[PDB]
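[1] Here is the sequence, then the experimental structure:
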There are 2 protein chains.
Amino acid sequence: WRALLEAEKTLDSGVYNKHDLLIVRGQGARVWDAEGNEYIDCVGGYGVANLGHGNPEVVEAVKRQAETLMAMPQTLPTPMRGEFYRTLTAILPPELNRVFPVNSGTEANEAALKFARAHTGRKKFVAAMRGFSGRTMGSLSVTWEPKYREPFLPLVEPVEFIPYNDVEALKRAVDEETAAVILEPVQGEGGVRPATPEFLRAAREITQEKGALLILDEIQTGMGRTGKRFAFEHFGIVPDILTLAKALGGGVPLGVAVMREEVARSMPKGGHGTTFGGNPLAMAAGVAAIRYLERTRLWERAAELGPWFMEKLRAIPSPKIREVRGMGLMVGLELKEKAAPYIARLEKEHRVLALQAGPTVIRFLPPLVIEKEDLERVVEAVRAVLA
Amino acid sequence: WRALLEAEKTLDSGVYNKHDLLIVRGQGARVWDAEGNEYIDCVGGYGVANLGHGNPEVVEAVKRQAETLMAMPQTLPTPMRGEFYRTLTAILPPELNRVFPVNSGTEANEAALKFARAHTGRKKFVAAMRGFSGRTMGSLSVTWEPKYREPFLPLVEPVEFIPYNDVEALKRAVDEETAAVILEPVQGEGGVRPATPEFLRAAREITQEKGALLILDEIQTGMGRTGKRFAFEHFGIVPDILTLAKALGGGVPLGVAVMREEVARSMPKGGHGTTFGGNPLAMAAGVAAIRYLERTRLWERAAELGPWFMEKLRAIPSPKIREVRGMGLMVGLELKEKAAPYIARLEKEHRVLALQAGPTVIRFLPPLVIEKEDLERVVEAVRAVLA
Ligand SMILES: *Cc1c(COP(=O)(O)O)cnc(C)c1O
Ligand SMILES: *Cc1c(COP(=O)(O)O)cnc(C)c1O
């Protein structure tokens, strides 16, 4: 196995800081390395494994579709695509009834930004500081992180950033020249920072009043992650374009921009496209993922375990803890010091995999099927490494 | 099946020109609609189905990996990723030894454009008129088709377009401020126009003289499509960044930017990324696709059947034919009038599925495993509809 680890490390582009291990298999919220060590996975593909590694229903759907048909373009109708379309719109508000399937979160946001420009005839985009929308140039234009943009300037213009949750700033930024406002209901990469009900309500109101579109990015908050199927359900608003990805296909690369009928209608024929977008394999996986989410009402699990887990983390008697925040099982543990060393020790000494969300934050994105006993071990492991 | 067909038509964003049938399954170069009618597929997912629909090896790899692990990020090594890296670089020139896996062709080119800017510290991109690089905003900036860009301006600047195969124009355009030149060895959507050896040699020579990178987009030409493993093998040049997708994963969404090590190391840690990029499912599919390609030296079927197929098409006794061009099984039949009506007749009257490559060109991208007898049936169908 060392040979394969070496091959990956040596031949990789090198932009990633790869950990010293080789993960070979996963089941539920657990994964094993090449040496047989078992880990509690709170990384879960960065929020992709919501339904658990190797979800039986998704695996079965993938196997059966793989034997049937994998390559069929959007110009040629295929049953699993129609099924995905009705299955996805069925779990959304009546207004979000037109689907543009893609292969990633950044592609979903790129689609949203393009549909917004075609519909409004405007150019300006308004995003939030610390907001993250993707790495391709369009999505990157509305992504805040300076280090993520600077090396690649100039990007798509014009874009204006406002402080997250700053209602007055948002009010002054949105005008008759604004094509769209793009926001995450809970900033992920930004440090696990939930939006206030007043901020999203204001975003919905101001966009409608000025003729701009509201794009809500639920690529990370969607699919039950925050305690509801979608975070917007918790805030009581319905966007003009909803972007989804990560857990949408239960692990299979899949994303989507779901929009209102009038928005979709404005797009010229042939105005946008994607080779893999809407492919039958991903459609079959998406249908299975959504059907599983619905049947199990898995979001209720995150709504219960989330608060419990966060309360346990807050109760850890460590003077190194600054705050525990988030929604459902989208959790952030902020320390009064650098988190990197503790994340490494969690992996190396406790076999608990976790992420970061800023230099002082430990982020947890465990599959929503994670057992309470495993979350207990995570709390104990965090306490141990902080001692 | 009617309900699923109508659900797809109605719930779709509407940007696609969807045909009036439902394709439910495929095997080899044949596909079936919901009524049991069998078609010869020269669309093949727009060049994705190179190894044939339901390729046994890819299907088995997909099924087995699906049961094992699907979601694992780039920060956590996983064996299939290392295997994909060494398997892919093993079939490429030694210079192309660093891989950045992605989920689509446009993502591959977005990565190429970003790595180019980071490496050179320059901004300008040079592309060819009629060139197609993708629909996300970065790739769209270097894509020519006005209908694809107009509703979304402004895009990423600065970009200068030159006529394809115009050596002198290329020499005038590439300068000390040029980060990269991006070209297809054979323009796909552009009308199936092969580059001349002179043009590509010039691109390679001028970019190195001026300090710019050469990005060769083989998303459509790669994986044996033109008679060789990769089209650049025909022209005797090696690019700085090679972009691949479509058939790379045998149908599973997969793309990649393969580059020289000096280019890869220039990218700052965290300077680029992707959630699904490099996932074990796509890596397993890619390994299997490449292994099958290598075992069967599949490009050889395209090398033998392509010239023959083009010769037969060219011999069709119709004054409506202007020229037949292409390389391997990437073929374009240019007519003196619109191709759309004939493509429709091919489908309805002969159960032959084909594409366009500009309004007057009928493009054929059949799986490379297609039977000679079926290509013969295609030639006869074209003759019939043109009569
Ligand atoms: C992960 C993420 C993205 C980017 O999605 P990719 O699939 O990595 O391109 C965009 N927005 C949010 C909120 C995300 O969490
Ligand atoms: C199909 C294609 C692309 C775009 O790839 P997607 O997977 O549709 O994003 C880019 N370049 C070329 C030459 C292509 O044929």
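    That came through, no problem. Numbers count the residues shown, from 1 in each chain, chains lettered A, B, ... in the order given. Ligands and ions are numbered 1, 2, ... in the order given.

[2] use CA for all of it now, contacts and neighbours both
    Fine.

[3] so which residue of the stretch 51-200 of chain A comes closest to ligand 1?
    When scored by CA to the nearest ligand atom, the stretch 51-200 of chain A has residue A:105 as its residue closest to ligand 1, at 3.2 Å.

[4] burial measure for that residue, as a count.
    31 (other CA atoms under 10 Å in any protein chain shown).

[5] Check for me that residue A:181 belongs to a helix.
    No. Assigned with DSSP: H, G, I helix; E, B strand; the rest coil, residue A:181 falls outside any helix and is strand.

[6] Now for it: which residues touch it?
    With contact taken as CA atoms under 8 Å, 6 or more residues apart in numbering or on different chains, residue A:181 is in contact with A:125, A:126, A:127, A:174, A:203, A:207, A:212, A:213, A:214, A:215.

[7] Test my guess that the fourth one contacts residue A:127.
    No. Shown here, residue A:174 and residue A:127 do not form a contact pair, counting by CA atoms under 8 Å, at 10.3 Å.

[8] more neighbours, those two?
    Neighbour comparison, residue A:174 and residue A:127: the larger count goes to residue A:127, with 26 against 23 (by other CA under 10 Å).

[9] and residue A:81, what does it touch?
    Residue A:81 is in contact with A:278, A:279, A:280, A:283, A:284, B:4, B:8, counting by CA under 8 Å, 6+ apart.

[10] quick revisit: closest to residue A:158 out of the contacts of residue A:181?
    Set against residue A:158, the nearest of the contacts of residue A:181 by CA to CA is residue A:125 (6.5 Å).

[11] Tell me the secondary structure of the closest one, please.
    The three-state label given to residue A:125 by three-state DSSP is strand.

[12] Report the separation between it and residue A:308.
    Taking CA to CA, to the nearest Å as the criterion, residue A:125 is separated from residue A:308 by 38 Å.

[13] who has more neighbours, the two?
    Under the criterion of other CA under 10 Å, the comparison of residue A:125 against residue A:308 puts residue A:125 first, with 26 against 16.

[14] Which residues does that one form beta bridges with?
    Following DSSP bridges, residue A:125 is listed with bridge partners residue A:159, residue A:180.

[15] for the residue of the stretch 51-200 of chain A closest to ligand 1, phi and psi?
    Backbone dihedrals for residue A:105, given as degrees, to the nearest 10, come out at phi -70, psi -40.

[16] what's the nearest residue to it if we skip its chain neighbours?
    In space, and not counting its chain neighbours, residue A:105 is closest to residue A:245: 4.9 Å by CA to CA, 6 or more residues apart in numbering or on different chains.

[17] right, and that neighbour touches residue A:109 too?
    No. Checked against CA under 8 Å, the pair residue A:245 and residue A:109 is beyond contact range at 9.7 Å.

[18] Residue A:66 reaches residue B:62, doesn't it?
    Yes. With contacts defined as CA under 8 Å, residue A:66 counts as touching residue B:62 at a distance of 7.1 Å.

[19] Report the buried residues of stretch A:294-303.
    Residues of stretch A:294-303 classed as buried by neighbour count (16 or more other CA atoms under 10 Å in any protein chain shown): A:298, A:299, A:300, A:301, A:302, A:303.

[20] mind checking how far residue A:2 is from ligand 1?
    In this structure, residue A:2 and ligand 1 are separated by 28 Å, where distance is defined by CA to the nearest ligand atom, to the nearest Å.

[21] quick one, what contacts the residue of the stretch 51-200 of chain A closest to ligand 1?
    Residue A:105 sits next to A:133, A:134, A:219, A:243, A:244, A:245, A:246, A:255, A:256 when contact means CA under 8 Å, 6+ apart.

[22] residues in contact with the helix or strand containing the last one?
    Same thing as residue A:256. Secondary-structure element containing residue A:256, defined by DSSP states H and E: strand A:255-260. Residues lying outside strand A:255-260 but in contact with it, judged by CA under 8 Å, 6+ apart, are A:95-105, A:107-109, A:111-112, A:240-246, A:248-249, B:13.
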